[PDB]
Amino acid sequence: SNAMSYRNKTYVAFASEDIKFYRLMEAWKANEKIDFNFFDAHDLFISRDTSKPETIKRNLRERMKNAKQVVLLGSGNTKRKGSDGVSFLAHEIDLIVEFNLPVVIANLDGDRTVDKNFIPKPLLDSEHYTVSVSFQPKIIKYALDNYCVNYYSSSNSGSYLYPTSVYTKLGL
């Protein structure tokens, strides 16, 4: 219950408006359409009515210290909330930048390119190396297995995509 699997390395961050897409991701795990585990902090968001903001902030920092990599669900709500300096997602994004974690942006409209209008401004301003992929299980896992593993050794900076051959070879 409080013990965490070593294989559960991936934190998923999203704007509260986009919870439907996260639930879809949770369906994929329960129905084994995905081949990776992940965790999140939506429980802390839910408990905001019974918790003071300073308590939520400390609990969130604590939660994110266990992440090795991030899947960021990308939409216009991601950019707005993630750039506004006050929202729950804005605090997540600040920690994600501070902890220098790799980020896979999964574009919720299926865009297989970089859409900077889905990426929060602090993450763009950090110039950290990121990759943007469609919101599809197999490309997300490919990014976790490749980009995220290579993040620290790479000399690249800023926003990348995966070329069409990667999607083709995955049967997408």
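Quick note: we count residues from 1 along the sequence shown, nothing fancier.
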| property | result |
| --- | --- |
| Stretch with the higher entry mean CA B-factor, where the candidates are 137-145 and 23-31 | 23-31 |
| Largest Cα B-factor, entry values, listed residues 66, 69, 107, 50 | 50 |
| Third of chain Cα B-factors occupied by residue 117 | middle |
| Chain third (lowest, middle, highest) by recorded CA B-factor, residue given as residue 126 | middle |
| Residue 103 - Cα temperature factor, lowest/middle/highest third of chain | lowest |
| Residue 159 by Cα B-factor - lowest, middle or highest third of the modelled chain | lowest |
